[PDB]
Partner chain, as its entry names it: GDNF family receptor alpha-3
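A single chain comes next, written as structure tokens; it is the form deposited without the partner chain.
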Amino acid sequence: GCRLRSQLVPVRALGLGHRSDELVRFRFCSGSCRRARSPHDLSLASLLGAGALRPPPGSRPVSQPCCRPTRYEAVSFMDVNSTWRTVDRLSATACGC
């Protein structure tokens, strides 16, 4: 089921040009929302399953909510110049379907 996941990661791999010798906890949301389908979602999933819709241009429609963050906190670290840095709203602190 959709829930908050928490791993350790290098700060360079965060994508903002920072560098640190400290790993940082990064939290994110993943898992199923299939128990949270709306009537529309059920009908869409039924139509797709029956092959009654032709695929649209680009990506397939999702037929259930996505597991997404609803709330965020900053990620902090000592950078290579041993200066404390904080980056707003980078890490999830709650998830929802």
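Positions refer to the first chain, counted from 1. Throughout, rigid core stands for the largest set of C-alpha atoms superposing within 1.5 Å between the two forms.
The next section is about a form of this same protein that is not shown, the form solved in complex with the partner chain.
| Is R19 a contact residue for the partner chain in the entry with it bound, using a 4.5 Å heavy atom cut-off? | Because no heavy atom of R19 falls inside 4.5 Å of the partner chain in the entry with it bound, the answer is no.
| query | Listed by sequence position, which residues of 67 to 97 have a non-hydrogen atom within 4.5 angstroms of the partner chain in the entry with it bound? | reply | In sequence order, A74, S76, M78, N81, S82, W84, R85, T86, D88 come within 4.5 Å of the partner.
| message | Checking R89 here: with the core superposed, does its CA move 2 Å or more between this form and the one not shown? | response | No; that C-alpha moves by less than 2 Å between this form and the one not shown.
| said: Taking the rigid core as the reference frame, tell me whether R19 has a CA displacement of 2 angstroms or more between this form and the one not shown. | reply: Yes: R19 shifts by at least 2 Å between this form and the one not shown.
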